[PDB]
Amino acid sequence: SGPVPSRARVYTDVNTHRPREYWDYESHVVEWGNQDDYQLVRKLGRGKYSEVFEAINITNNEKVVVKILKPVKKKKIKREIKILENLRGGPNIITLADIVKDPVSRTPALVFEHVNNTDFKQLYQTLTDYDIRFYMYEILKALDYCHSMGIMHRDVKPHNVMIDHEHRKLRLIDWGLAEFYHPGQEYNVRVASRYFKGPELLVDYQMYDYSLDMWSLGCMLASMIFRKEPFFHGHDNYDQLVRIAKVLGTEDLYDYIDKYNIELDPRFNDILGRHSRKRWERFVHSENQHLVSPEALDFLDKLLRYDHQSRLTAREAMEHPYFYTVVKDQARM
Ligand SMILES: Brc1cc2nn[nH]c2cc1Br
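Conventions and cut-offs
- Residues numbered from 1 in each chain as written, not as in the entry; some residues may be left out.
- Heavy atoms only, no water.
- Axes fitted to C-alpha atoms, helices over the stretch in contact; angles between N-to-C directions.
- Helix = DSSP H or I, 4+ residues; strand = E, 2+ residues; numbered from the N terminus.
- Parallel < 35°, antiparallel > 145°, perpendicular 65-115°, else oblique.
- Left-handed = near helix turned anticlockwise from the far one by under 90°.
- Contact = heavy atoms within 4.5 Å.
- Nonpolar A, V, L, I, M, F, W, Y, C, P; charged D, E, K, R; others polar.
- Near = heavy atom within 4 Å.
- Polar contact = N/O pair within 3.5 Å; in protein donor to acceptor, adjacent residues only side chain to side chain.
- Areas by Shrake-Rupley, 256 points an atom, 1.4 Å probe, with all protein chains shown as cover.
- Domains from an automatic or database assignment.
- Pairing = 2+ DSSP bridges.
- Buried area = accessible area lost by both parts, 1.4 Å probe.
- Salt bridge = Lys/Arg side-chain N within 4 Å of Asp/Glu carboxyl O.
- Core = buried A, V, L, I, M, F, W, Y, C linked by side-chain atoms within 4.5 Å.
- Buried < 20%, exposed > 50% of the residue type's maximum accessible area, 1.4 Å probe, protein only.
- UniProt positions renumbered as here; feature names shortened; annotations may be inferred.
- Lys, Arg positive; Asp, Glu negative; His and termini not counted.

- For this entry, the PDB record names X-ray crystallography as the structure determination method and reports a resolution of 2.55 Å.

### Focus on the packing of helix α6 (residues 211-226) against helix α9 (residues 294-301)
Right, on to step 1. The N-to-C vectors of α6 and α9 enclose an angle of 155 degrees; their axes lie 10 Å apart at closest approach. Judged by the angle between their axes, α6 and α9 are roughly antiparallel. Remark: the crossing between α6 and α9 carries left-handed chirality. Here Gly218, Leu221, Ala222, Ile225 and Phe226 of α6 lie close against α9, whose contacting residues are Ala296, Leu297, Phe299 and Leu300.
Right, on to step 2. Classifying every residue of the contact of α6 with α9 gives 8 nonpolar, 1 polar and no charged.

### Details of the site of the ligand
Right, on to step 1. Taken together, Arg46, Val52, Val65, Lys67, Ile94, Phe112, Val115, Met162, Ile173 and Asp174 make up the full set of residues adjacent to the ligand.
Right, on to step 2. In the model, a nitrogen atom of the ligand is placed 2.9 Å from a nitrogen or oxygen of the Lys67 side chain.
Right, on to step 3. Contact distances for the ligand include 3.4 Å between a nitrogen atom and a backbone N or O atom of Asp174.
Right, on to step 4. Bound to the protein, the ligand loses 99% of the 310 Å² it would expose on its own.
Right, on to step 5. Class assignment of the residues belonging to the shell around the ligand gives a composition of 7 nonpolar, no polar and 3 charged.
Right, on to step 6. If you count residues domain by domain, the shell around the ligand takes at least three from each of domain 1 (6-23 + 115-333) and domain 2 (24-114).

### Comments concerning the sheet that holds strand β6 (residues 108-113)
Right, on to step 1. Sheet architecture is open: 6 strands sit in the order β1-β5-β6-β4-β3-β2, paired in mixed fashion. With partners counted over all chains shown, the strands left at the sheet margins are β1 (33-34) and β2 (38-44), one partner each.
Right, on to step 2. Where β2 lies against strand β3 (residues 52-57), 6 bridges are found, and the strand directions are antiparallel. Within β3, the position partnered with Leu40 by the bridge is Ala55.

### Side note on the domain arrangement of the chain
Right, on to step 1. Partitioning the chain into domains gives domain 1 (6-23 + 115-333) and domain 2 (24-114).
Right, on to step 2. With 30 residues of domain 1 in contact, the opposing surface of domain 2 contributes 23 residues.
Right, on to step 3. Taken together, both faces of the contact between domain 1 and domain 2 bury some 2,400 Å²; the carbon and sulfur share is 53%.
Right, on to step 4. Contact with domain 2 buries surface across domain 1, with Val115, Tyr145 and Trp175 losing the most and accounting together for 26% of the total.
Right, on to step 5. Summed over the shared surface of domain 1 and domain 2, the number is 4 salt bridges.
Right, on to step 6. The salt bridge involving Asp174 is made with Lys67; its shortest N-O contact spans 3.2 Å.
Right, on to step 7. Counting every contact that joins domain 1 to domain 2 gives 14 residue pairs in polar contact.
Right, on to step 8. Mapped onto the side of domain 1 that touches domain 2, the elements with two or more residues apiece are α1 (20-23), α4 (129-148), β9 (169-172) and β10 (179-180).

### Quick look at the nonpolar core
Right, on to step 1. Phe120, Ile151, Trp175, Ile225, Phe226 and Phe299 are the most contacted members of the largest nonpolar core, which totals 94 residues.
Right, on to step 2. Residue assignment places this core across two domains, with domain 1 (6-23 + 115-333) and domain 2 (24-114) each supplying three or more.
Right, on to step 3. Dropping the residues within four chain positions of it, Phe226 is found in contact with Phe231, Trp280, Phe283, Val284, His285, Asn288, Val292, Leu297 and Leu300.
Right, on to step 4. In this structure, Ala8, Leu201, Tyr208 and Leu212 belong to the second largest nonpolar core, which totals 11 residues.

### Points about the environment of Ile132
Right, on to step 1. Checked against the element boundaries, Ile132 lands in helix α4.
Right, on to step 2. Classification of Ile132 as buried rests on a relative accessible area of 1%.
Right, on to step 3. Sequence separation between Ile132 and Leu221 is 89 residues; the distance between their C-alpha atoms is 8.0 Å.
Right, on to step 4. Ignoring sequence-local partners within four residues, the contact set of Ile132 consists of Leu127, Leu221, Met224, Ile225, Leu291 and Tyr322.

### Things to note about the UniProt feature "binding site: ATP" in the chain
Right, on to step 1. Per the UniProt record, "binding site: ATP" is annotated on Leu44, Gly45, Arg46, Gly47, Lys48, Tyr49, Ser50, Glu51, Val52 and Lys67. On the basis of their most widely separated C-alpha atoms, the annotated residues across 24 residues gather in one place, lying no more than 13.4 Å apart.
Right, on to step 2. Within the secondary structure, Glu51 sits in the loop between β2 and β3.
Right, on to step 3. Taking relative accessible area as the criterion, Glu51 reaches 22% and is therefore assigned partly exposed.
Right, on to step 4. Not counting residues up to four positions away in its chain, the partners in contact with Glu51 are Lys43, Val66, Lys67, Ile68 and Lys70.
Right, on to step 5. Reaching out from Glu51, the side chain makes a polar contact with the side chain of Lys43 at a distance of 3.4 Å.
Right, on to step 6. Position of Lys67 among the secondary structure elements: in strand β4 (residues 63-68).
Right, on to step 7. Classification of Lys67 by relative accessible area gives buried; the value is 16%.
Right, on to step 8. Apart from the residues lying within four places of it in its own chain, the contact partners of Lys67 are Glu51, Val52, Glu80, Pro108, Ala109, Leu110, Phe112 and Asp174.
Right, on to step 9. In terms of polar contacts, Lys67 uses its side chain to reach the side chain of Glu80, at 2.8 Å.

### Description of the side chain of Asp213
Right, on to step 1. Mapping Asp213 onto the fold places it in helix α6.
Right, on to step 2. Of the side chains with opposite charge, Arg154 lies nearest to the buried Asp213, which makes no salt bridge, at 7.1 Å.
Right, on to step 3. Engagement of the side chain of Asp213 in a polar contact is seen with the backbone nitrogen of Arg154, the distance being 2.8 Å.
Right, on to step 4. Those residues in contact with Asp213 that sit more than four places away from it in its chain are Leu143, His147, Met152, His153, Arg154, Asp155 and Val156.

Below, the structure is given as structure tokens:
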């Protein structure tokens, strides 16, 4: 017997009830615009491979952001375009303004609404207690929306959250790894960055779902409240699970392996060892105690579970006490 199948606790069949066109992204026909409608101003520091650019729309003089798509399967391009189009106008989702090709090189590029080039990583180790809850709540709106729309992001990390702190404005960006959830579909586990990879990815359990994004959210939260970057600091993908095991303990790990009948890569057998589940108080100290509360810990604990089905959904997260004052203040303002 292979692995035991899994289904999402929420938004399970939403793509099935949609027209085929909603999710059959390979059949989507793109009307490619002309990139000469935009003049690039400067390269935005988004890493090495990345080719994001501040630019100007000549036609109306508005500032935009242009992402030159580095050569990759046309499949993957259509996927990112379709997801962005499907999620357009959703809470805290980056708006795709146009789809273009450079007339000479024919290289594909996506044109986005302007944001300040200040990602969450630059700000998220200097935030107040309140601001962490506020921005966590804002990320949760984007995730509940995209999940409700049948989409998992699969690359949630501080680098992919653009914050305008002056206007308290947040955009979840980089949907190039996002994918449509279909019950029973087995997915590629080579997604997300090391430190935010869910255990399902690490042990090679393929029938995963929206809950993946909630694990990554937990890693961000842990990092912010404990002022520890990253929280799970693995040398590689094998060691990454060891770092998780050293905090969450090995007992729940092996119970999770057994529950889903996961064949554990034999390489893991020597390295995981035996570890107790650590109390969060272990990571608290004078530098971070102002960010840490019972509510933060209870919330965090319910995100970081091996068993993907036992993690809070985005809507469940939004109803947690940790956000009560954020919710209260949002109602009045
Ligand atoms: Br800045 C920025 C970077 C991105 N990477 N992928 N999509 C993006 C959208 C914006 Br706006």
